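Student: Encoded as structure tokens, here's the structure I'll be asking about.
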Amino acid sequence: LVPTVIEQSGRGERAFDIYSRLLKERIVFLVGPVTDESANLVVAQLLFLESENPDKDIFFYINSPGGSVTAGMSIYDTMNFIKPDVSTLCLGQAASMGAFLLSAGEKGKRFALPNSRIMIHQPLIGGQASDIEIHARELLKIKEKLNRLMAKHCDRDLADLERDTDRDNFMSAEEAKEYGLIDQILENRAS
Amino acid sequence: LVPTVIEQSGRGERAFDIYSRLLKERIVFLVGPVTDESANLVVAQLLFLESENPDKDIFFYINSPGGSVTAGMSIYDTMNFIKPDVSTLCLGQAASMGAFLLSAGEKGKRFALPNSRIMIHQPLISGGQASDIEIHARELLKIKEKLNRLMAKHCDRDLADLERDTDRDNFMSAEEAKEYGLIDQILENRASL
Amino acid sequence: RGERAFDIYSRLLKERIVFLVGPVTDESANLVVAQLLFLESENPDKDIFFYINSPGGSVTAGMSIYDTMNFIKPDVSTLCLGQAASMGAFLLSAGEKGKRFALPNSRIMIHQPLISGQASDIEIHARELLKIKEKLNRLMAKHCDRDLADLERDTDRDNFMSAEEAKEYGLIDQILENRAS
Amino acid sequence: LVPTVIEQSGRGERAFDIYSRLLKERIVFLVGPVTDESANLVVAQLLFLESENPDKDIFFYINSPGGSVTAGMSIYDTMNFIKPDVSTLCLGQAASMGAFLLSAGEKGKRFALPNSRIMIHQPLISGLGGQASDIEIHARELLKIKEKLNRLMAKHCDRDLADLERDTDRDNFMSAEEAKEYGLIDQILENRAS
Amino acid sequence: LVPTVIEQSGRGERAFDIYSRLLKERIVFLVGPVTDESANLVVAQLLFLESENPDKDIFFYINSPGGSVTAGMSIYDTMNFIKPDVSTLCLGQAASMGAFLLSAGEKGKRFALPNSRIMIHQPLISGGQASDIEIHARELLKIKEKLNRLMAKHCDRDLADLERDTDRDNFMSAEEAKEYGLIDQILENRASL
Amino acid sequence: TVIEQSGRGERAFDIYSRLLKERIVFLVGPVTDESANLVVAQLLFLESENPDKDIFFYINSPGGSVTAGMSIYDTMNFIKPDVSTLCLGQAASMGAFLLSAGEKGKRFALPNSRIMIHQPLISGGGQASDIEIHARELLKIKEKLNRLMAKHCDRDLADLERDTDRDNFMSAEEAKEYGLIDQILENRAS
Amino acid sequence: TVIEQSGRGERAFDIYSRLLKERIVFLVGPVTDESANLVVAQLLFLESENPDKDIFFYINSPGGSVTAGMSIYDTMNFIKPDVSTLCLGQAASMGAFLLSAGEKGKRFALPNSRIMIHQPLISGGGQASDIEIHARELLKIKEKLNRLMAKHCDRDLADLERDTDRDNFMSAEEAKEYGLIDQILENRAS
Amino acid sequence: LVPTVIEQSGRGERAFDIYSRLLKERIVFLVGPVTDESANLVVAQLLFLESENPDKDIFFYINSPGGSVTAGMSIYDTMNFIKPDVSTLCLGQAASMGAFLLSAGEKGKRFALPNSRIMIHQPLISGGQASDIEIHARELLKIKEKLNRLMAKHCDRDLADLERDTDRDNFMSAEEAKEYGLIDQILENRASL
Amino acid sequence: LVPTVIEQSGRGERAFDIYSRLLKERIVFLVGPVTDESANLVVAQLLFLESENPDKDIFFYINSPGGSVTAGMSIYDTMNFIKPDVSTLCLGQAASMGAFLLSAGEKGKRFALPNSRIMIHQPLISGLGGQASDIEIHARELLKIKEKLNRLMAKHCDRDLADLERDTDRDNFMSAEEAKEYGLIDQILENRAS
Ligand SMILES: CC(C)(C(=O)NCCSc1ccccc1C(F)(F)F)P(=O)(c1ccc(C(F)(F)F)cn1)c1ccc(C(F)(F)F)cn1
Ligand SMILES: CC(C)(C(=O)NCCSc1ccccc1C(F)(F)F)P(=O)(c1ccc(C(F)(F)F)cn1)c1ccc(C(F)(F)F)cn1
Ligand SMILES: CC(C)(C(=O)NCCSc1ccccc1C(F)(F)F)P(=O)(c1ccc(C(F)(F)F)cn1)c1ccc(C(F)(F)F)cn1
Ligand SMILES: CC(C)(C(=O)NCCSc1ccccc1C(F)(F)F)P(=O)(c1ccc(C(F)(F)F)cn1)c1ccc(C(F)(F)F)cn1
Ligand SMILES: CC(C)(C(=O)NCCSc1ccccc1C(F)(F)F)P(=O)(c1ccc(C(F)(F)F)cn1)c1ccc(C(F)(F)F)cn1
Ligand SMILES: CC(C)(C(=O)NCCSc1ccccc1C(F)(F)F)P(=O)(c1ccc(C(F)(F)F)cn1)c1ccc(C(F)(F)F)cn1
Ligand SMILES: CC(C)(C(=O)NCCSc1ccccc1C(F)(F)F)P(=O)(c1ccc(C(F)(F)F)cn1)c1ccc(C(F)(F)F)cn1
Ligand SMILES: CC(C)(C(=O)NCCSc1ccccc1C(F)(F)F)P(=O)(c1ccc(C(F)(F)F)cn1)c1ccc(C(F)(F)F)cn1
């Protein structure tokens with residue numbers, strides 16, 4: 001991957017890779033599987049944007065199939081912690097932890113482009129039976145928490161999310177807006 | 001891959017790699033399979049040239065066999081969203097999603113070089129419980145129809161046409177693509193156009 | 001005989017005992033069928049004892065055994081030892097009603113079909129899969145004297161049953177302990 | 001593994017592979033891991049000996065580290081279902097399911113050799129997979145299996161279910177004496193003079 | 001991994017990668033499994049920050065499932081040695097050696113975000129003569145005791161509590177970790193923080 | 001064990017079944033559950049044909065599974081017949097243990113046999129609790145082995161503990177002096 | 001060693017080059033020809049900038065190549081500057097050897113450091129002549145190591161021969177008592 | 001390998017595989033590398049032949065490149081123990097432990113075919129602590145000496161000749177092997193034989 | 001392998017990777033196996049330092065187990081061709097071709113550190129292939145190479161060709177003292193006070 005290099009200005013024309021250039025406009029990308037490294041990269045940029053300007057919105061572009069719940073949560077908690085409104089934008093796809101982060105942007109500022117693919121579902125995955133029990137119970141707790149938090153993000157009842165996440169649930173952008181998972185569908189420079 | 005490094009002038013004088021220099025003239029490449037990384041890098045480039053001048057045409061060069069529909073859609077929506085005209089130029093080939101994005105350039109500004117190759121076809125895959133197999137089957141049906149209608153839109157044809165002409169691989173010459181409505185012009189050389 | 005099994009298994013075939021052990025393949029399923037045909041040939045009236053210890057396997061291989069059980073004249077008594085799951089449970093439930101048995105600590109499990117190109121081909125195969133799912137549910141409901149609706153409900157996900165719960169469900173008739181007719 | 005061949009004479013001299021000779025004396029072996037295949041070969045031999053004579057003892061030699069639970073239960077129920085007493089005898093080791101089967105022999109006729117090794121422990125799984133609903137189903141099922149085994153073991157040893165819960169929580173090695181003691185086996189054989 | 005690049009002003013405009021820019025403000029990360037080199041990288045960052053200012057707190061963000069205990073002990077001892085208080089912050093998860101380090105922060109400055117996951121448990125080894133194995137078992141016993149004791153003090157609990165509660169994987173919410181004495185406060189947002 | 005050849009007596013036998021007909025039993029190569037139980041089966045069968053006739057047990061083994069070895073050992077001791085043991089090529093580790101286990105006075109080696117003894121040796125477990133459990137068990141096994149071999153050799157336990165701390169190679173003479181075997185064979189001249 | 005971060009001083013440095021500017025040198029992970037020679041290069045460079053200022057050498061290593069270790073060792077001894085040694089996490093085998101090699105009085109450990117010493121240990125050669133050659137060489141190395149560590153610890157050679165026959169784990173206190181290190185650090189309060 | 005089957009007559013017609021039929025006439029083969037099981041198979045054949053007739057010679061055909069020395073010592077000691085003289089015949093080759101066994105035949109009845117190849121050399125090992133390696137080197141030295149001594153007697157030469165001449169691979173023709181004292185006679189055909 | 005970076009100040013402060021800093025002091029390193037690539041990097045550094053100053057000593061640190069013969073000869077001839085003296089210094093180990101290069105330094109300036117390891121031995125090949133005519137060609141060639149090396153080594157050590165033939169027949173380990181003794185190196189350095 002050679003990222004193209006770009007020139008700015010503001011007394012002294014500086015060069016930087018195109019993603020650092022887009023960081024200056026407060027755009028952060030979640031592309032691909034959510035890992036500790038990729039999620040912490042997102043945290044790092046969210047903290048930096050907050051200290052650059054705690055009053056300006058941050059635009060979080062999500063094109064992700066999901067991944068680590070724990071790494072997803074670290075992105076989650078950072079979005080909610082910092083002063084800026086984290087506005088989310090689905091591009092290409094937002095599934096699993098991807099959809100959870102997308103739906104976690106500031107209400108009123110969660111967007112999808114028209115042909116986005118959103119998907120939600122319950123969690124997905126040795127030792128002695130004691131260790132199996134412990135991990136099974138923990139996994140039930142994660143599912144229950146993910147459903148409660150997503151019921152809240154979508155302004156829906158818990159019962160609705162248990163049912164609609166029992167198996168893979170694909171939604172068009174329109175079906176996502178309808179569900180409460182996003183607010184607006186972006187088509188082109190107009191809104 | 002060593003990208004040759006190159007020089008530019010104009011009260012000041014800097015040196016980028018050849019792709020960053022070409023990006024300065026608003027040329028963007030899609031080469032090989034569209035993955036998440038390669039699609040998002042096209043998106044980043046589109047967002048940038050818009051910001052740099054939301055009114056100048058962008059020149060989207062495509063040489064691709066396709067790849068992820070989801071990564072490719074993220075290019076399509078960006079292309080449509082941003083203000084400037086995304087002109088498309090097929091060189092080498094545009095197959096599956098590559099042809100889809102080719103057909104998605106601003107009508108009147110979709111081009112091919114004289115020996116480009118275009119190909120279009122229905123989606124093809126490479127699961128577990130019967131309930132889950134069924135959810136993913138109905139979803140692959142929806143994607144197939146969606147892709148057909150979006151292709152009918154770009155091509156000014158019926159959905160029935162694209163249903164028929166994508167049921168199996170459908171190769172097109174540059175002339176055949178233009179007649180299909182997939183592209184607009186066939187650039188031969190500099191002199192003419 | 002012998003037939004890639006043992007002399008012990010040949011001796012027990014003489015006492016009309018047929019084993020299904022392990023996964024159901026084309027190979028292991030046809031050997032059951034072959035034994036079944038053979039035993040009907042040696043006496044089309046005496047019962048066959050079909051011992052099942054299997055997590056299941058290929059549905060079409062299973063159906064070959066099922067249709068052979070139903071076609072031959074002798075009543076095929078089924079007996080679960082160890083486990084009978086998926087296609088294995090299906091075959092167990094398919095024994096002659098009144099002669100479907102289980103040892104006290106057998107594991108029984110039933111569920112919907114589990115699986116391993118072009119969208120057109122996916123559509124064709126997905127539809128065949130649903131027809132499969134429905135046919136097994138109907139047949140299993142008939143085996144169990146229950147409502148099609150109950151089977152669809154109780155096989156959405158893996159459903160483990162002890163011997164007692166299989167008896168109650170309608171999947172077997174008797175739990176065998178020692179010697180008590 | 002070539003098995004040696006052997007003559008039984010008198011009113012007709014016949015030849016057997018040695019293990020077939022030992023089956024004729026109602027001796028059955030479980031050796032190595034318990035799989036569906038090797039367990040069902042035990043079941044089949046138990047059925048044959050009952051068929052030949054439903055009243056004589058059967059002697060079940062066990063040298064095994066354990067293996068499949070369902071496969072082992074198929075031996076277990078077959079032991080209890082058939083009329084003959086199945087005497088069990090540990091040589092080398094009776095581990096996990098192998099010790100479950102050793103302790104399942106007819107009370108009074110569960111034996112070990114002086115330097116046998118016995119070990120009991122709760123179930124262990126290799127690994128997991130699907131959705132949380134499925135992982136809940138399999139965990140709930142595995143906990144049922146763990147109680148079934150503890151409860152059966154307790155009966156065999158004449159102990160509280162709690163006793164076997166505690167003493168299987170981790171690997172639990174026993175000498176032959178410690179196993180007699182625990183109620184796993186009845187007698188420790190030293191030689192034939194006994 | 002492409003770390004984004006960032007510019008700061010003040011008597012001179014300079015460029016940093018984002019993690020160096022965050023280091024500039026006394027923030028250090030332990031992300032992923034604890035290895036010798038990832039551990040020593042944390043140590044070097046603490047040595048540097050103490051030299052820049054031995055009296056300002058250091059903010060130690062932890063998102064890790066654990067790792068080598070010796071490597072984790074190099075961080076631990078470096079945290080206790082340096083004059084600056086090391087505040088610990090759990091984001092994502094802090095498990096095993098990551099839980100240890102999280103709890104090892106300066107009492108009063110150990111936090112977790114609301115959905116952090118903490119887990120603690122006994123050592124756990126992956127992969128000669130009985131004499132050799134005897135020696136290593138004895139050593140492992142000593143390590144297991146020492147980790148329990150150190151963590152008992154971190155938690156202001158008895159040793160026998162930590163031995164009991166680390167026999168198997170012990171998962172905790174942020175709130176359960178606050179009760180146990182493993183963190184001090186849950187951070188919700190810029191509440192009062 | 002390519003093709004095992006056949007000989008005649010009045011019936012036909014493979015040569016190993018023939019040697020078994022004369023109460024010769026082989027332990028060759030590593031001691032596995034299956035090779036050890038084949039030795040157990042032969043010993044059980046030989047006892048029943050003649051509970052009083054000696055059994056001759058050839059050992060060419062580098063050893064192997066402790067539990068597998070123990071099963072031959074307890075069988076040797078259990079059965080009425082004396083089990084003579086005869087080392088050719090090598091008896092090392094559990095091989096040497098079984099060689100020493102032969103009926104005392106009837107433990108032999110050939111002049112260039114190689115004998116070797118040592119403490120238990122393991123390849124490469126999980127939680128520390130499990131590690132301590134298995135470590136304690138491995139040491140019980142070490143101590144148990146030293147005590148039986150001390151008893152086989154009529155020697156101090158501390159002697160065998162000192163002499164198996166590391167690999168200890170013994171010639172046939174050395175094993176005789178040690179108490180591990182009784183005589184060294186050569187020729188029929190005996 | 002993901003991205004090594006940058007700090008400022010008046011120029012920009014990666015953080016390890018920054019620590020080197022203050023005569024701190026790290027040995028981390030296994031001792032290879034390349035990691036050992038990088039330590040050699042740092043030590044040579046530090047001497048030339050100031051032949052009299054102490055050098056501080058952090059050791060978190062499980063050890064590694066003997067010849068690689070020796071090259072750090074002879075360099076430490078050769079150069080004018082005192083090389084202080086500081087163990088964090090672990091110094092085992094050649095790691096512990098180098099820790100002990102620090103200028104006497106200037107060998108430190110952190111309170112939970114783990115130290116470990118033992119005899120030379122080899123994975124797994126050709127003709128017997130070559131085997132005897134390499135076996136004799138391995139023993140010369142064992143003896144040489146025991147004697148230098150005896151000298152580093154001010155102890156009998158026979159002491160170190162007895163105490164490295166098998167893996168010997170030492171706490172920081174134990175290593176101090178043994179003579180392997182001098183002080184145990186904690187706090188700046190020192 | 002399909003061993004051909006063969007019938008013999010005499011008070012009764014029976015069928016043997018060819019190697020069993022050749023065993024019937026006191027012929028045993030060592031073909032290929034010497035392993036524990038191929039060695040023990042030779043031992044069992046010698047035990048059987050001595051019992052069939054302890055006074056008729058045994059003909060031991062050897063075509064082997066060597067193998068385990070312990071396994072080869074089981075044959076060696078069995079050959080010296082049994083009353084029948086074991087005549088050795090080298091066909092193809094006899095190398096290392098195969099050379100040893102060839103030379104170990106009863107003096108006067110060790111032969112080679114005209115184009116047999118003999119080779120002798122020092123032991124040669126394929127593939128813990130210095131203490132352990134010390135012990136094993138010492139043992140290997142003792143084995144190398146013992147093999148040299150035994151072979152020196154087989155050859156009626158001094159020990160120091162065999163040590164010298166086995167330092168590296170020492171190839172010999174049948175005739176050179178006859179001179180060295182490793183065989184007695186070269187068989188050409190049914191000359192006088 | 002991150003190499004640290006370093007400041008050289010005075011009339012302008014510059015930054016180098018440390019190894020580049022050490023090259024400026026005419027220090028060259030051969031570390032690890034001798035391959036065509038790492039040898040030619042040595043040759044290139046020898047050419048550069050002669051270019052910068054053809055009269056100052058060059059100091060060649062060697063920590064290497066050996067490697068390619070032709071690659072090592074490329075260093076050897078370049079050492080002798082260039083005007084500067086190339087002083088050699090063993091640290092860690094100078095084995096096979098590494099000890100050939102150590103002994104090839106300018107007489108008087110071949111040094112070792114107290115605990116260095118030196119070892120010399122005849123060539124060894126990995127492996128063979130073609131027709132017997134080719135195997136004869138390569139064997140005849142390898143024997144030429146073996147004599148070339150022994151003969152050169154003898155010159156370096158002031159010994160008979162026969163001496164080095166004998167003492168390379170099998171692996172031959174030397175302490176630093178034994179190597180000074182043998183004539184491989186001149187002085188054993190202990191510290192800077194010397
Ligand atoms: C760690 C803490 C210092 C921090 O990250 N500052 C932001 C550093 S970036 C920066 C700042 C200024 C100038 C330039 C830069 C940049 F970027 F250019 F380098 P903090 O502010 C914090 C904690 C948690 C999170 C979140 F979102 F991850 F959860 C977010 N921020 C903080 C403050 C107080 C406390 C107390 F007192 F409660 F302990 C704890 N933590
Ligand atoms: C996110 C949004 C700021 C954005 O992408 N800017 C990218 C322009 S970068 C830039 C800008 C100025 C100067 C320099 C630079 C550069 F390039 F050097 F960094 P936006 O303009 C947008 C949305 C979607 C897409 C597409 F095409 F991908 F879909 C494209 N652009 C936008 C505006 C308003 C809202 C509202 F109203 F919903 F909040 C939402 N989104
Ligand atoms: C897209 C088009 C601007 C283009 O790629 N320019 C690339 C040159 S960048 C440049 C320019 C000036 C100074 C510096 C630079 C640089 F590089 F240093 F920064 P175009 O010129 C074109 C099309 C096809 C091909 C070929 F050869 F690949 F086939 C080639 N060029 C073009 C496209 C369409 C039309 C139409 F259809 F509207 F007539 C007319 N022209
Ligand atoms: C094939 C068929 C002849 C058949 O199996 N014979 C076996 C008779 S054994 C026998 C008899 C005497 C002596 C020894 C033996 C033995 F066995 F010891 F050697 P069939 O009876 C049949 C079909 C399908 C199935 C099942 F179970 F798979 F469903 C079962 N049986 C049959 C009859 C008529 C037709 C018609 F009418 F269509 F022409 C078609 N098929
Ligand atoms: C080795 C010691 C010099 C050291 O690490 N300095 C590193 C500080 S970097 C620095 C400093 C100033 C300016 C710029 C920089 C920078 F950042 F730009 F490079 P020290 O301070 C030490 C030891 C251990 C630890 C810890 F945390 F690992 F435990 C921590 N520090 C020390 C002090 C006293 C003694 C005594 F008393 F025993 F002699 C020995 N060692
Ligand atoms: C089980 C017992 C019958 C048994 O295995 N015989 C095996 C010999 S087969 C045989 C027998 C006769 C004729 C032919 C054959 C053959 F070989 F041709 F088939 P047993 O004699 C016994 C126990 C333990 C061991 C040993 F060595 F493995 F430890 C050995 N033998 C025995 C006797 C009494 C009791 C009591 F009274 F305590 F219950 C229990 N066990
Ligand atoms: C070769 C010798 C010049 C050398 O390596 N200096 C390395 C220091 S580089 C340097 C120097 C000055 C300024 C800047 C730099 C730097 F770092 F920025 F580049 P030397 O000092 C030596 C030998 C051995 C070792 C050790 F520790 F590895 F064993 C160490 N140093 C030396 C001196 C005298 C003799 C004599 F007289 F006997 F020939 C031989 N060798
Ligand atoms: C063990 C001993 C019975 C033995 O091997 N018989 C095997 C001969 S098979 C046989 C025999 C007769 C009829 C039929 C058969 C056959 F073939 F059909 F089965 P033995 O004769 C012996 C020991 C060692 C070796 C050798 F060559 F390996 F060294 C060789 N033979 C023996 C003799 C004396 C003593 C004493 F004196 F110490 F008690 C101990 N052992």
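Just remember, in the structure tokens the first chain shown is A, the second B, etc., residues are 1-based per chain, and ligands are 1-based in the order shown.
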Pick out the residues sitting within 10 Å of stretch 66-74 of chain A, and hand them over as an NGL selection string; count only C-alpha atoms, and ignore anything fewer than 3 positions along from it in its own chain.
Tutor: (:A and (30-40 or 42-43 or 62-63 or 77-79 or 93-101 or 119-120 or 123-124 or 142 or 146)) or (:E and (31-32 or 63-65 or 90-94 or 113-117))
Student: Please identify all residues of chain E having at least one atom at most 12 Å from any atom of chain H, considering only C-alpha atoms, and return them as an mmCIF file with C-alpha atoms, in the first residue's frame.
Tutor:
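part-v7.cif, written as the output of this step:
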```cif
data_model
loop_
_atom_site.group_PDB
_atom_site.id
_atom_site.type_symbol
_atom_site.label_atom_id
_atom_site.label_comp_id
_atom_site.auth_asym_id
_atom_site.auth_seq_id
_atom_site.Cartn_x
_atom_site.Cartn_y
_atom_site.Cartn_z
ATOM 1 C CA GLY E 128 13.329 -32.744 30.454
ATOM 2 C CA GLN E 129 14.173 -34.957 33.446
ATOM 3 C CA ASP E 132 14.357 -30.396 35.847
#
```
Student: What residues of the protein or nucleic acid chains come within 6 Å of ligand 8 when you use only C-alpha atoms and all ligand atoms? Reply as a ChimeraX atom specification.
Tutor: /F:18-19,22,56,190 /H:47-48,51,77-78,81-82
Student: Residues within 9 Å of residue G:20, please, as a ChimeraX atom specification. Count only C-alpha atoms; anything in the same chain fewer than 5 positions from it doesn't count.
Tutor: /G:15,25-26,42,46 /I:4-6
Student: How would you write, as a PyMOL selection string, the set of residues in stretch 3-171 of chain B that DSSP gives as alpha helix (DSSP H)?
Tutor: chain B and resi 18-24+36-52+69-81+97-103+130-155+159-166
Student: So that I can check the surroundings of residue B:66, please list as a PyMOL selection string every protein, DNA and RNA residue that reaches within 12 Å of it, counting only C-alpha atoms and ignoring chain neighbours fewer than 6 positions away.
Tutor: chain B and resi 30-36+38-39+72-73+93-102+118-121+123-124
Student: Can you measure atom CA of residue F:93 to atom CA of residue D:174 for me? One decimal in Å is fine.
Tutor: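 Computed distance, atom CA of residue F:93 to atom CA of residue D:174, equals 23.3 Å.
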Student: Write out as a list in words each polymer residue whose atoms come within 8 Å of residue D:92, counting only C-alpha atoms; drop sequence neighbours fewer than 5 positions from it.
Tutor: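 So, after excluding close chain neighbours, the residues are residues 63, 64, 113, 115, 116 and 117 of chain D; 67, 68, 69, 70 and 71 of chain F.
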Student: Please identify the residues whose atoms come within 9 Å of ligand 4, using only C-alpha atoms and all ligand atoms, and report them as a list in words.
Tutor: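 Here is the list of contacting residues: residues 33, 34, 36, 37, 38, 39, 40, 41, 42, 64, 65, 67, 68, 69, 70, 71, 72 and 73 of chain C.
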Student: Which residues form the shell of 7 Å around ligand 6 when you count only C-alpha atoms and all ligand atoms, given as a list in words?
Tutor: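 Counting only what the definition allows, namely only C-alpha atoms and all ligand atoms, the set is residues 21, 22, 23, 24, 25, 27, 59, 109, 113, 189 and 191 of chain D; 44, 45, 46, 47, 48, 49, 74, 75, 76, 78 and 79 of chain F.
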Student: Kindly export the residues of the current selection with N, CA, C and O atoms, as a compact mmCIF listing (two decimals), in the first residue's frame.
Tutor:
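For reference, part-v2.txt as written:
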```txt
# COMPACT_ATOMS: atom_id res chain seq x y z
N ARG D 21 -8.13 -66.40 21.19
CA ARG D 21 -8.00 -67.42 22.23
C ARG D 21 -8.44 -66.88 23.59
O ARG D 21 -9.14 -67.57 24.34
N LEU D 22 -8.04 -65.65 23.92
CA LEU D 22 -8.39 -65.10 25.22
C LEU D 22 -9.87 -64.75 25.31
O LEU D 22 -10.45 -64.80 26.39
N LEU D 23 -10.49 -64.39 24.19
CA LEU D 23 -11.93 -64.19 24.22
C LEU D 23 -12.65 -65.47 24.60
O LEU D 23 -13.67 -65.44 25.30
N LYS D 24 -12.12 -66.62 24.16
CA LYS D 24 -12.80 -67.89 24.45
C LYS D 24 -12.82 -68.16 25.95
O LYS D 24 -13.76 -68.77 26.45
N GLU D 25 -11.82 -67.68 26.70
CA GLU D 25 -11.83 -67.72 28.15
C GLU D 25 -12.59 -66.57 28.76
O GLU D 25 -12.42 -66.32 29.96
N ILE D 27 -12.19 -63.36 28.27
CA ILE D 27 -11.31 -62.23 28.55
C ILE D 27 -11.49 -61.20 27.46
O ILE D 27 -11.32 -61.51 26.27
N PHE D 59 -14.37 -61.30 32.13
CA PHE D 59 -13.26 -60.57 32.71
C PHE D 59 -12.77 -59.51 31.72
O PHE D 59 -12.24 -59.84 30.65
N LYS D 109 -15.98 -57.56 42.22
CA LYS D 109 -15.07 -58.10 41.22
C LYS D 109 -14.30 -57.02 40.45
O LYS D 109 -13.87 -57.26 39.32
N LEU D 113 -3.89 -54.29 39.53
CA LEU D 113 -2.58 -54.90 39.78
C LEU D 113 -1.74 -53.95 40.61
O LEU D 113 -2.01 -52.75 40.64
N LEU D 189 -4.84 -57.42 43.35
CA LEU D 189 -4.21 -58.72 43.14
C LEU D 189 -2.70 -58.58 43.11
O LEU D 189 -2.16 -57.69 42.44
N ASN D 191 -0.56 -61.89 43.13
CA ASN D 191 -0.16 -63.02 42.30
C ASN D 191 -1.28 -64.05 42.33
O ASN D 191 -2.38 -63.79 42.83
N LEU F 44 -0.13 -64.41 29.68
CA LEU F 44 -1.34 -65.05 30.18
C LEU F 44 -1.58 -66.39 29.50
O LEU F 44 -1.92 -67.39 30.16
N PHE F 45 -1.41 -66.44 28.18
CA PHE F 45 -1.66 -67.66 27.44
C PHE F 45 -0.66 -68.75 27.81
O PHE F 45 -1.02 -69.93 27.88
N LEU F 46 0.61 -68.38 27.99
CA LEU F 46 1.62 -69.38 28.31
C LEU F 46 1.37 -70.01 29.67
O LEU F 46 1.51 -71.23 29.84
N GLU F 47 1.03 -69.18 30.67
CA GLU F 47 0.71 -69.70 31.99
C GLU F 47 -0.36 -70.78 31.91
O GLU F 47 -0.22 -71.85 32.52
N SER F 48 -1.41 -70.55 31.12
CA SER F 48 -2.54 -71.47 31.11
C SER F 48 -2.18 -72.80 30.46
O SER F 48 -2.73 -73.84 30.83
N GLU F 49 -1.26 -72.79 29.49
CA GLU F 49 -0.85 -74.05 28.89
C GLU F 49 0.03 -74.85 29.83
O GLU F 49 -0.03 -76.07 29.84
N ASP F 74 3.61 -56.20 36.29
CA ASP F 74 2.68 -56.83 37.23
C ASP F 74 2.24 -58.19 36.72
O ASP F 74 1.95 -59.08 37.53
N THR F 75 2.20 -58.38 35.40
CA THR F 75 1.82 -59.67 34.84
C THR F 75 2.91 -60.71 35.08
O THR F 75 2.63 -61.84 35.51
N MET F 76 4.16 -60.35 34.78
CA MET F 76 5.30 -61.19 35.12
C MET F 76 5.23 -61.66 36.57
O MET F 76 5.26 -62.86 36.85
N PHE F 78 2.64 -61.54 38.71
CA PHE F 78 1.41 -62.25 39.06
C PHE F 78 1.50 -63.74 38.73
O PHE F 78 1.24 -64.59 39.58
N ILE F 79 1.83 -64.07 37.48
CA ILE F 79 1.66 -65.44 37.00
C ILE F 79 2.63 -66.38 37.70
O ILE F 79 3.77 -66.03 38.02
```
Student: Excluding stretch 166-176 of chain G and any residue of its chain fewer than 4 positions from it, enumerate the residues within 8 Å of it, using only C-alpha atoms, and give them as a PyMOL selection string.
Tutor: (chain E and resi 132+135+139) or (chain G and resi 109-119+180-184)
